[PDB]
Amino acid sequence: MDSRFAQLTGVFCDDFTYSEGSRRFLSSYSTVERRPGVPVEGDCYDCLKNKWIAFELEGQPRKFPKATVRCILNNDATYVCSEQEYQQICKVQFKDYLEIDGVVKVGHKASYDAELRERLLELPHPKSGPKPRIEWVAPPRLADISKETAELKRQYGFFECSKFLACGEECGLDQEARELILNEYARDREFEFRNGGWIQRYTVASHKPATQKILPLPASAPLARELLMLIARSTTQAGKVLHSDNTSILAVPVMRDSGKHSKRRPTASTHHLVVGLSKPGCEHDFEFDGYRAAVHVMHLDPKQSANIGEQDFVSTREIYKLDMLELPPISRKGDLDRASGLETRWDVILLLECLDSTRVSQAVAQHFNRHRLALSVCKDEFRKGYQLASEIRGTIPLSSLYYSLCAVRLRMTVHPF
Amino acid sequence: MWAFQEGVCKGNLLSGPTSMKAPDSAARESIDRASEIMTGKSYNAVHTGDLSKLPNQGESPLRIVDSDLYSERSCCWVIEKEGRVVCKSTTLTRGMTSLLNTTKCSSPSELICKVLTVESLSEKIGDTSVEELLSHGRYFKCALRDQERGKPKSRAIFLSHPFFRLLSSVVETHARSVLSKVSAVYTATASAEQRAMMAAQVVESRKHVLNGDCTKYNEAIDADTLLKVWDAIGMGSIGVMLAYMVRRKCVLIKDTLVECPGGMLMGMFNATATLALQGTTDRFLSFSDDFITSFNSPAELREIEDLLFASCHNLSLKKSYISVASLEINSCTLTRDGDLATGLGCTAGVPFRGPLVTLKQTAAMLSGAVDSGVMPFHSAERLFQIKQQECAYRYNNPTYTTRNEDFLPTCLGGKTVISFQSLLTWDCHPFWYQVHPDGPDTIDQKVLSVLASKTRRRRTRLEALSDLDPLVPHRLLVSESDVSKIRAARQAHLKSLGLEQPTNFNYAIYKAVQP
Amino acid sequence: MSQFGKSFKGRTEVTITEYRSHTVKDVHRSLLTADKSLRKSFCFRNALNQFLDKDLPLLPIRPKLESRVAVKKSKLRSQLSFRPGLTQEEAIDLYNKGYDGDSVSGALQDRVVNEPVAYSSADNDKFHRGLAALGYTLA
RNA sequence: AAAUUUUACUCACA
RNA sequence: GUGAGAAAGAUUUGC
Ligand SMILES: [Mg+2]
Ligand SMILES: [Zn+2]
């Protein structure tokens, strides 16, 4: 019981009658309406329902028996209570906003404010930093992009073949030949066979990054949609060769070898080795029963495979082609070649963007958008935005970055802005 | 291909980067950057501007919205097993429930009122005191933010204690209110394109436009700046407590706790930092770490740079630039007259996730593009047809479907390739209503939602209390017997009506079918 | 021992908000592990079978849109359309007819939708989702 | 073995 | 395949 709610209860019931004439709710703060000779379990009593009603604020319960009906006066101009009638009657009656002293406010000062402020004062504080010097210059020209591309080329070089990009081109093998070649390649590598599926067992890790170079661009990527769909399917269900209309791939779970109790079934964190076939003529050739094909492997974690396989090649290509300029022919190294170049290699580049889970091409595209929209940029700092080699790691991401830079160079050379 | 676009293009047609890399490296790098900024050798973290312009809201009632306090997203809960601190990764709902159980409070509002009205830090609130709450609220867990376009190396996000979330909710609500009062651009009901149009309207007078982004935004917003802003807007002891918790915060990397006295841990107080900038001047239109300003002469540019330095908004020399005929804000690019810049822009592709979710999201994206004028309607029709063909090629197999009904989509064993215009006009079979962007949820969405509800972090044996009477407030206190009675009555009514489960209600369909 | 005394140990009453949040199965998140989840246990196949035979023959037939007006390309603007929520009596009736209470409560709140539109008509009228280029009007 | 501290855990039950 | 326990299990990963 408190005296702060006297006014609140008075306006709650003004002329509300329950049976014919008698006020339904009697305020306990007024002796005229209060019932003498009986205990008071609340600030209001409903004769019709024969129950007590107690008003309290948000988060400030009062000491009343559980049987008493509690009404909550929310701070956002709304009310909550047990009975529907009380909730509705309170809402209409309290349509006028009246402040009841005893409501905590955001600016409330607690008794420990001084102690906490002193503790904050005794804690470390930052030191003012140096004022930067900013010089605005014109955005980089074709020479800077060429320099970046040449730096990448010199630092990393090129592979002798497009390892997994070559899987975008149909090999000269049929379904049965492809399955036999993949199975025999798995057998040759000493992969464990269990429950009709292949598993790659590892014991020790060199714990050093794999060699990184730049993949040359195949002539075209006709089997891009099929390759992505097959990657998705295989990484969803692994161990057996999965076939498409014109190609097939094998997803092998990679598991630790622990002896007898070694893992038998893959979990959600198990990586996969995706093995694909391409035309012969590289160091990764493999022969069996007169069937020759280049076998190329990509090691993907489950998230990487899910990202790669869910991309839409056809829709992306069409959306890009909606408002695209003429694409110049390019060579194996991404250099402009109007004599022996091919315009289909651009599709390959797109496939590369789909195969790269780091999607550095998106960073390059954003920086190139800034470049195109910019009139002046910071000196010796906007250029550094094109040097993303330290951000990524691996053959596929490196090739994607290199060919994104090559695309920027080609755009600046063929369609200068 | 993005490089050979006539208009503007961010290369958003593909999904963002992802990987299973552990978050140790990113969190360690962020903490090291924060420490370096603290030493005052790399960037500026000391606020110098005057915030007296900001109005004071110290007399406003302390209001908490429980909707954002309970959520299925992750959070860190701190317990003391024997004598050491153990940080467990739970859901925000579970963390809030545990906090209320230990403190023995019905609702978060009661907890905050009790915390603000204790005689001493050592006073007990249930099984814990304010001192214990502040000690536990300074612990954070680290995770990786993947699928962020343009960031090949994923950034580190942080999961906080339920008490930290409880205080941050109030602080950010009041900061957002003050921001809305400061300018008309920060209105709650405003889209990115509306904000960009207002920005264009604001900088038409001047000649040059500086489109700027802030570098190390989270590592340069010290607890001192947050406390300064909170005191300027009148947050009382809540702001002091939050600043104290932020100053002593510890991050659990792998299996070791690292102290990070600097920074604010990856966008916990976006509105507060926006206020830290907006209260010192009116020449900027900033949203956290992204802003646009305008100027006429190099002197104005120097003044802008000084203002940015004073407000601890360190300019990003790598990304910020100057234009005369362009305006980039909130990722949206507009011409100086306010019209949308021609080109793809921020159009994002729809990955293959569910036979029908893909179609619904593609319909939403194409509707957005067509309405904005990004592409003509026939192009959207062709793209929708192509997407339907691709979905058929990807999902039309026994694994996902075993039906052959004609009205079904070609990707579910059917033979119907709906026209985009036909779908948008509701001129199709009812089965296609779920594919409409404004239509019901698809089968895949419901299946995935149920499966998620069955996950380890979210699984519970509690008797579900769903399908409630609209007239019952969600703040009403209930017990086990009460929920049992409600469920029994509802099930009895449903069985009387002959329905085993409630019938799904769609606002659009109901409003359309009405006379 | 009941789950109520374990999940809410030390408390005899909790708000409906907390109890509802503890049992939530209607929030969808677009994630990478979607196709795998749908394939697992043929959950999507079973759900499609269930929908085609139990839920599909309950959706009312929605009339198609007819009205449209001539439109011309214009400067980008923001179209604000105010969709009002259900009335109290309407919500009570819909609940009594067996409609899911959660959806009715969600529709109870009045809402406003802002969308960027680059087409205008002579009479400056609103357009339906994605049909501004064709001129379909809310009316 | 590879896009190299990642591709790893225990118990009970069926 | 289900449950529980490891700073922890796939709606993971926050504002
Ligand atoms: Mg910007
Ligand atoms: Zn090779």
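Numbers restart at 1 for each chain; the letters A, B, ... are given by sequence-line order, proteins then strands.
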Verify the contact: side-chain N or O of B:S89 to OP1 or OP2 of E:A7, cut-off strictly under 4.0 Å; return yes or no. no
Just to confirm, is there a sub-4.0 Å distance from OP1 or OP2 of E:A8 to any side-chain nitrogen or oxygen of B:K141?
-> yes
Using the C1' atoms only, state how far E:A4 lies from D:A14, rounded to an integer number of Å. 15 Å
**Message:** Between A:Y156 and A:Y402, is the ring centroid distance below 6.0 Å?
**Reply:** no
Paired to D:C11 by Watson-Crick or G-U wobble criteria (both distances under 3.5 Å) is E:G3
So, going by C1'-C2'-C3'-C4' where positive is north and negative is south, E:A7 is south
_For A:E160, is the CD atom crowded, meaning more than 12 foreign heavy atoms sit under 6.0 Å from it?_
no
Using the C1' atom on both, measure E:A7 against D:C9 and round to a whole Å.
14 Å
TODO: Pick the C1' atom in E:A8 and in D:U6, then give their distance to the nearest Å.
DONE: 16 Å
- Query: Does a nitrogen or oxygen in the side chain of B:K454 sit under 4.0 Å from OP1 or OP2 of E:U11?
  - Reply: no
I'd like the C1' distance from E:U13 over to E:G3, given in whole Å. 26 Å
Using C1'-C2'-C3'-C4' (north if positive, south if negative), D:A8 puckers north
Of the listed D:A1, D:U6, D:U4, the closest approach to the A:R393 side chain comes from D:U4
**Prompt:** Within the pair B:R459 and E:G3, is there a side-chain N or O less than 4.0 Å away from OP1 or OP2?
**Reply:** yes
**Asked** Does a donor on one side chain and an acceptor on the other come within less than 3.5 Å for B:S15 and B:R149?
**Response** no
- Message: What contact category does A:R189 fall into here, base, sugar-phosphate, or nothing, at under 4.0 angstrom with non-hydrogen atoms?
- Response: nothing
- Message: Does the plane of the ring in A:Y185 sit parallel, tilted or perpendicular to the ring in A:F191? Use 30° and 60° as the thresholds.
- Response: perpendicular
Next item on the list: Would you please confirm or rule out a distance under 4.0 Å between OP1 or OP2 of D:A3 and any side-chain N or O of B:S19?
Entry: no
Subject >> E:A7 phosphate, OP1 or OP2, under 4.0 Å from B:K254 side-chain N/O >> reply: no
Q.
Looking at E:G9, I'd like to know if its phosphate oxygens (OP1 or OP2) sit under 4.0 Å from a side-chain N or O belonging to B:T455.
A. no
Item to check | Face-to-face contact A:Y202 to D:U7 six-ring, under 5.5 Å, under 30° | outcome: yes
Notebook entry, point to check: Does any donor-acceptor pair link the side chain of A:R256 with the base of D:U7 at a separation under 3.5 Å?
Noted result: no
Centroid-centroid under 6.0 Å between B:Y139 and B:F164 rings: no
Q. Hey, does B:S453 reach any base, or is it just sugar-phosphate, or nothing, if we go heavy atoms under 4.0 Å?
A. nothing
E:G9: pucker by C1'-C2'-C3'-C4' torsion sign, positive meaning north and negative south, is south
From the list B:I238, B:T225, B:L242, side-chain contact (heavy atoms from CB on, under 4.5 Å) partner of B:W230 resolves to B:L242
Closest to the side chain of A:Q200, out of E:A4, E:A7, D:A1, is D:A1
The sugar pucker of E:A8, read from the sign of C1'-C2'-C3'-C4' where positive is north and negative south, is south
* Taking atom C1' in both E:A10 and E:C15, compute the distance separating them and give it to the nearest angstrom. => 22 Å
Can you confirm whether the side chains of A:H299 and A:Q304 place a donor and an acceptor under 3.5 Å from each other?
no
- request: For nucleotides D:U7 and E:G9, find the distance between their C1' atoms and express it as a whole number of Å.
  value: 16 Å
Which of D:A8, E:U11, D:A2 is nearest the side chain of A:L273? It is D:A2
Side-chain atoms of B:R456 come closest, of E:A10, D:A2, E:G14, to E:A10
Does the side chain of B:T97 come under 3.5 Å of the side chain of C:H22 through a donor N or O and an acceptor N or O? yes
Subject >> Pairwise P distance, E:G1 and D:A8 [rounded to whole Å] >> reply: 15 Å
| message | OP1 or OP2 of E:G14 versus the side-chain N and O atoms of C:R29: is any pair under 4.0 Å? | response | yes
Hey, does the side-chain of A:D301 have a donor or acceptor N/O within less than 3.5 Å of a partner on the base of D:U7?
no
Would you please confirm or rule out a distance under 4.0 Å between OP1 or OP2 of D:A8 and any side-chain N or O of A:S258?
no
- Query: For E:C15, does OP1 or OP2 lie under 4.0 Å from any side-chain N or O of B:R176?
  - Reply: no
Below the 4.0 Å mark, does E:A8 have OP1 or OP2 next to a side-chain nitrogen or oxygen of B:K88? yes
Under the convention that a positive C1'-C2'-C3'-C4' torsion is north and a negative one south, the sugar ring of D:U10 is north
Notebook entry, point to check: Would one find a side-chain N or O of B:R458 under 4.0 angstrom from OP1 or OP2 of E:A10?
Noted result: no
Check your understanding: Taking atom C1' in both D:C11 and E:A6, what distance in whole Å separates the two?
Key -> 11 Å
Using the six-membered ring for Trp and the full ring for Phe, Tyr or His, decide whether A:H299 stacks on the six-membered base ring of D:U4 (centres under 5.5 Å, planes under 30°). no
task = Tell me what A:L215 touches on the nucleic acid: a base, only sugar-phosphate, or nothing, going by heavy atoms under 4.0 Å.
result = nothing
Q) With a 3.5 Å cut-off and just heavy-atom distances, do the side chain of A:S269 and the base of D:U7 make a donor-acceptor pair? A) no
The Watson-Crick or G-U wobble partner of E:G14, with both key distances under 3.5 Å, is none
